[PDB]
Protein chains: 2
Amino acid sequence: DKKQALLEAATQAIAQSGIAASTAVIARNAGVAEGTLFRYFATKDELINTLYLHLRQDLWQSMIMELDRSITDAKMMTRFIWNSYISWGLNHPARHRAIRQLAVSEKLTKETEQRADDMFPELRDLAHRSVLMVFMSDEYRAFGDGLXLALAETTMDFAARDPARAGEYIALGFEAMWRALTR
Amino acid sequence: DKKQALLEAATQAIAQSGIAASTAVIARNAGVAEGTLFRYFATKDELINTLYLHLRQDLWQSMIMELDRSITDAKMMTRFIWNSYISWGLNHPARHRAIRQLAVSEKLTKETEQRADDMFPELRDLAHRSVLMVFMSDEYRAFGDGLXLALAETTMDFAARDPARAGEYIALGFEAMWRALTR
Ligand SMILES: C=CCCOc1c(C(=O)OCc2ccccc2)ccc2ccccc12
Ligand SMILES: C=CCCOc1c(C(=O)OCc2ccccc2)ccc2ccccc12
């Protein structure tokens with residue numbers, strides 16, 4: 001209740017006013033005081049880190065029922081995942097704008113980064129089969145995610161403003177992402 | 001005086017509050033009335049179209065003194081231009097964030113799109129020398145610019161937050177852009 005009301009309030013605030021979102025206004029619009037929100041998340045970095053995983057799991061539950069592991073070709077599996085992310089972002093923009101801020105933020109730990117891989121081995125397995133090895137390194141992985149989500153957000157924006165041509169924007173966006181970020 | 005103040009307020013407002021920026025808040029931040037603004041831009045689309053050209057000409061003057069025309073290899077000339085844009089954006093974040101909104105906006109006419117090409121034949125010639133044919137077509141050109149400026153914005157953001165690795169972000173950003181947007 002109040003922990004996910006905070007998680008949904010943090011989503012709204014971080015998507016709008018950035019990750020420099022006040023702990024006060026995240027609390028106040030979740031119908032609580034600032035004191036309330038810090039015994040469920042010790043620090044603002046702990047709120048960031050589990051919201052990122054919460055949003056990550058929300059993206060995966062939108063997809064795994066439609067997910068078909070028959071595909072062995074990395075590019076066709078990435079395309080299904082790419083198509084699903086864009087649709088996920090179009091349906092709930094705040095969840096996308098928030099996860100884009102959290103993914104490229106310094107506050108993320110590798111218990112956030114190694115749980116995110118354990119939570120979703122299929123993506124891990126896929127990344128470890130196509131993505132450029134430099135965008136998997138601890139040093140530049142966040143940058144790849146930033147490139148990543150920049151190409152996706154641009155694809156969303158043209159797909160939502162020009163719905164009649166959305167399908168071509170998804171394909172073009174995917175191909176630009178694919179040759180940019182894979183071997 | 002007043003029109004360059006309108007253009008600089010429009011630069012601030014469109015980069016900050018998006019391209020849905022009120023003529024009210026553009027005017028009030030230029031120290032003028034709402035009436036005065038429409039004697040320098042007939043319509044808000046004229047403000048958009050003339051700000052885009054103003055910002056385009058500002059970006060090119062940051063580069064043309066350092067521009068070396070010796071190089072005939074497209075990738076080395078695009079890298080100098082890419083390196084120049086990133087530095088331009090780091091020095092003027094509002095001017096970059098604004099031109100990103102204007103470049104992907106429906107309000108831009110071809111009379112702006114043909115001025116941008118006549119004003120900068122080297123960019124046109126270089127674009128007409130390496131870029132994928134579909135990202136130059138009238139239909140998906142704005143999309144190419146968006147993918148474009150999305151990769152650049154991600155490069156700026158990681159370069160400004162992690163300065164010690166900035167040089168690596170510029171090269172990686174450029175190469176990811178290059179294989180994404182060229183043949
Ligand atoms: C490094 C840049 C890419 C991270 O993308 C990808 C992932 C992936 O695991 O993405 C992580 C992610 C982080 C934040 C939001 C959404 C996804 C997995 C497989 C991928 C296959 C091809 C391209 C991109 C892939
Ligand atoms: C299709 C997107 C490309 C826009 O980049 C480019 C230009 C160029 O002239 O881009 C125009 C521009 C538009 C908006 C803001 C800034 C520049 C010229 C040559 C290029 C060569 C390689 C890559 C990109 C290039």
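Numbered from 1 within each chain, the chains take letters A, B, ... in sequence-line order. Quick note: numbers below take in every heavy atom, side chains included, and nothing from hydrogens, waters or symmetry partners.
Within a 6.0 Å radius of CZ in B/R115, other residues, nucleotides and ligands contribute 12 heavy atoms or fewer. Within a 6.0 Å radius of CZ in A/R56, more than 12 heavy atoms belonging to other residues, nucleotides or ligands are found. Under a cut-off of 6.0 angstrom, the local environment of CG in A/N91 is crowded, with over 12 non-hydrogen atoms contributed by other residues, nucleotides or ligands. In the displayed structure, B/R28 atom CZ is contacted under 6.0 Å by at most 12 heavy atoms of other residues, nucleotides or ligands.
The two residues B/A176 and A/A180 come nearest to each other via the heavy atoms O-CB, 3.3 Å.
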Side chains of residues 38-48 of chain B: which donor-acceptor partners sit under 3.5 Å, not counting sequence neighbours?
| residue | atom | partner | partner atom | Å |
| --- | --- | --- | --- | --- |
| B/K44 | NZ | B/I19 | O | 3.4 |
| B/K44 | NZ | B/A21 | O | 3.3 |
| B/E46 | OE1 | B/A42 | N | 2.6 |

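Taken to the nearest 0.5 Å, the CG atom of A/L151 stands 11.5 Å off from the CE atom of B/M177. Here B/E106 contributes atom CD and A/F158 contributes atom CZ; the two are 9.5 Å apart, rounded to the nearest 0.5 Å. B/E139 CD to A/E168 CD: the interatomic distance, rounded to the nearest 0.5 Å, is 10.0 Å. Rounded to the nearest 0.5 angstrom, B/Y140 OH and A/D162 CG are separated by 8.0 Å.
For A/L132, the part lying under 4.5 angstrom from a heavy atom of chain B is the side chain only. The contact between A/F135 and chain B is made entirely by side chain atoms (from C-beta outward), counting heavy-atom distances below 4.5 Å. With a 4.5 Å cut-off on non-hydrogen atoms, A/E175 does not touch chain B at all. The part of B/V134 that comes within reach of chain A is its side chain, from C-beta onward, which places non-hydrogen atoms under 4.5 angstrom from that chain.
Residues A/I14 and A/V25 do not share a hydrophobic cluster, defined by chaining ILVMFWY side chains whose heavy atoms lie under 4.5 Å apart. B/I71 and B/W178 fall into different hydrophobic clusters, where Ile, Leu, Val, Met, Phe, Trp and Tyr side chains are chained together by heavy-atom contacts under 4.5 Å.
By number of non-hydrogen pairs under 4.5 angstrom with chain B, the leading residue of A/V104, A/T155, A/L172 is A/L172.
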